[PDB]
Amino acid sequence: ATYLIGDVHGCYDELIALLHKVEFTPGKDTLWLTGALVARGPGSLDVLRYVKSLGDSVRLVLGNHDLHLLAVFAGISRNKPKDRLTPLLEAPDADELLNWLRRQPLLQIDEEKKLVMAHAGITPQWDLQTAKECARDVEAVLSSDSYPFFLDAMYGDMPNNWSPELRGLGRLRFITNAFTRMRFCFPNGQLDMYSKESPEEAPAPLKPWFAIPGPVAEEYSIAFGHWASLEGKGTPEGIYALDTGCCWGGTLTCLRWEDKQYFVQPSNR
């Protein structure tokens, strides 16, 4: 079977309970994770240890809080007490864990299921070929020995309109924002990096990135996390918003792909 779970945010207990709910068996089943494995929740260390131990039985994409952890670790950015990342940063095996984490993809594609995964989704301004190229570039930087220079370069809210002519730092910033931070779009598909509310309560003319016809979403189903205020509701057919806000007191949501069956684990705090 194939299982997809949204943003875990250090919620190790809920993750293990939900996987036992569905009898997840490595070797016979596959797990897809929308990223943001760490922060806010109490068990970032345990979550990373376990996901890493799964080996090929998991398909992960990195989110913004994974990148932020990578940036704190490399001394690029400062530790926020609210993240609760200190046990993980101080662990004896922290090197193994984060060096593994930075090698993971931004994008997962399964051709047989016609299924795509990224932390925040796929901008309507990208076709599949372009999304693949951009994922490759950023993953190459992230897995290189010079990853802290990229992590430092990544912070930024511009440019927010994709063009194949973007070069250098602008191109990297836009890729990273599209994959890990995107929420609302302007009618031309340009990213808005400020609105974080639900679609009903957003200002005009902002529209959810998935409310805009794009080449990828016309041929593929898209699963994603990141946008908790969405609450997993109100998406069009073929769009799966799996982030139900576990670390915030919501739920951890798991979707079994074969029959599209949902399983939900209540938040412990």
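The numbering used is simple: start at 1 and walk along the sequence shown.
104-112 and 191-199 differ in mean CA B-factor, and the higher of the two is recorded for 191-199. For the pair 237-245 and 211-219, the record assigns the higher mean C-alpha temperature factor to 211-219. Per the deposited record, 164 carries the highest C-alpha B-factor of all listed residues (87, 124, 164, 121). Of the candidates 59, 28, 226, 68, the one whose C-alpha carries the top B factor in the deposited record is 28.
Among the modelled residues of its chain, residue 184 has a C-alpha B-factor that falls in the middle third, as given in the PDB entry.
Placement of the Cα temperature factor of residue 144 within the chain: highest third of the modelled residues, per the deposited record.
Among the modelled residues of its chain, residue 130 has a C-alpha B-factor that falls in the highest third, as given in the PDB entry. When the modelled residues of the chain are ordered by their C-alpha B factor, residue 169 lands in the middle third. Among all modelled residues in this chain, the alpha-carbon of residue 99 has a temperature factor (C-alpha) in the middle third.
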